[PDB]
């Protein structure tokens, strides 16, 4: 059993990103999302699965999906932005198990990642605890 506990930081008062979706991939006995002490907690039944969070800023027509998981006993993460309306977290979560470019992101087993949207705003995941059963990450909205 793994947990990934996520702290969300919204760093600029320009626009407002709100949570809109949280998904669980089906591998390794699946997993759950819990809110715990102001954090988003992804619990997974083993290595080889993941969960996604989608955030939307309707003020500025911006959005992103942040995905967190464990691949071969090492944590991984990715962010997808410039989302079409068809790119919900349900859709994006699954792409990490069949789409080569997404597969590669997972295989990278990154402790940190960033990507910018077409509007120039950057998003980042930073694992602050990178080892063990109880992993911790910052999700930073630029």
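Numbering follows the first chain given and starts at 1.
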Which is higher in the entry, the mean Cα B factor of 35-43 or that of 100-108? 100-108
Do the CA atoms of 17-25 or those of 118-126 have the higher mean B-factor in the entry? 118-126
Residue 67: which third of its chain by C-alpha temperature factor? lowest
Split into thirds by Cα B-factor across the chain's modelled residues, where does residue 59 land: lowest, middle or highest? highest
Within-chain third of residue 92 by Cα B-factor, per the entry: lowest
Can you tell me whether residue 80 has a C-alpha B-factor in the lowest, middle or highest third compared with the other modelled residues of the same chain? middle
